[PDB]
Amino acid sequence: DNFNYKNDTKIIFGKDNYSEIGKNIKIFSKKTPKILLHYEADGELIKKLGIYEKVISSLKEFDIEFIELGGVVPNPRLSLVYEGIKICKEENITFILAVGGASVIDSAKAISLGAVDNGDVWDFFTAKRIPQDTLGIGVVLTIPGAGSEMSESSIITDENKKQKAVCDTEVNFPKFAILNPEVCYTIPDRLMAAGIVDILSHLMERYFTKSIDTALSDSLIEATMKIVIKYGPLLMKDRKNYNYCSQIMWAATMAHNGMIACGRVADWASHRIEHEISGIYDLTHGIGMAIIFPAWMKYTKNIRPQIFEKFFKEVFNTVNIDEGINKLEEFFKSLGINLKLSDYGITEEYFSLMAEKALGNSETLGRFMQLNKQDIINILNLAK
């Protein structure tokens, strides 16, 4: 149980602080700054919300020249990275400002890698070369999910060969990330509820571990989980409450922090199972993790029952696993989320297909408990 931790992304947390876009662009750009403004599609969202205005007002206030590059698709495309790299070498951009979510942050990270490289940037995703430098980006985050605003990962899909790939390296760390909980206000209900489930799930996947001697870490993960459980329902019924949004958005940031997960072994069983439901049905990730995770917990309740006793004691105030599992189901339901796959017209038709696709070329799946094709179908039956 040894671990390393590094994370140098500067966090700018709060509201009415839109000057720090430019103030921080100057702190991390070479000499005279000339930035590239990255956003999804044609700024429809960020301009609708007023993020576009407040951004330009910050660059102007700081005399920061800038070009705009738009047109990100949810799974961002290497053809657009190739474009941004061209403009950054052509127009001498010294810094990229990602305004959006992980789809445009990942483009920002990919463009920032090849703007400084003299070769193909796909060599950095297909494991040919290990990038040693990046131009540098700052993020203006619009939705508190995934955590790409402080990760070292970038996920680009090359459509011409259809192979999606990633690149994990310490140079991908955004130089700063602007974190205003107000951006939560405009998010649609079902999207925000699923985002709450994503935070809790990210915490649970590291919490439920066969690792030992992790008491401080247990507490910190419990404390964050507990906050998501108290404030998640409140934010859902009072969507413009800055307090409620500060807790949830700060919980999500912490959820992506390996100071509180101290090299404890995460289990991705639920993620993988959910992935396959989402590959065949049009179902949002967070909603699928509210349906799958309680089923997975039921199936794995015998592995380490004490760590299940602990979870429901510290988080739901009950040493009864069954009562605690139903409380967690009730919590999901209080977010608007129906708890069964039948509810979403999903039938047992492809349970078998999804189980084999989950497993791929392996016999079992998971770390907390090793799950084979039938195990995975039993879990999908618990969730029907």
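Throughout, rigid core stands for the largest set of C-alpha atoms superposing within 1.5 Å between the two forms. Each residue number is its position in the shown sequence, starting from 1.
- In a rigid core superposition of the other structures in 4 other deposited structures of this protein, 261-269 and 285-293 differ in how far their CA atoms stray, and the farther one is 261-269.
- Relative to the displayed structure, the C-alphas of 250-258 lie farther away on average in 4 other deposited structures of this protein than those of the other candidate, with 250-258 and 206-214 compared after rigid core superposition.
- The stretch 258-266 shows the higher mean C-alpha B-factor when 258-266 is compared against 226-234 in the entry.
- The PDB entry reports B-factors from which the mean C-alpha value can be compared for 159-167 and 272-280; the larger average falls on 159-167.
- The PDB entry gives the largest Cα B-factor of the residues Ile291, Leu220, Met297, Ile87 to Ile87.
- Taking the PDB entry at face value, the top CA B factor among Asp120, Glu182, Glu309, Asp198 belongs to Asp120.
- In the deposited entry, the Cα temperature factor of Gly345 places it in the middle third of its chain's modelled residues.
- Per the PDB record, residue ranking by Cα B-factor puts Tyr18 in the highest third of the chain.
- In this PDB entry, the Cα temperature factor of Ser334 sits in the bottom third of its chain's modelled residues, the lowest group.
- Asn172 sits in the middle third of its chain by CA B factor, as recorded in the PDB entry.
- Sort the chain's modelled residues by C-alpha temperature factor and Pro305 lands in the lowest third, per the entry.
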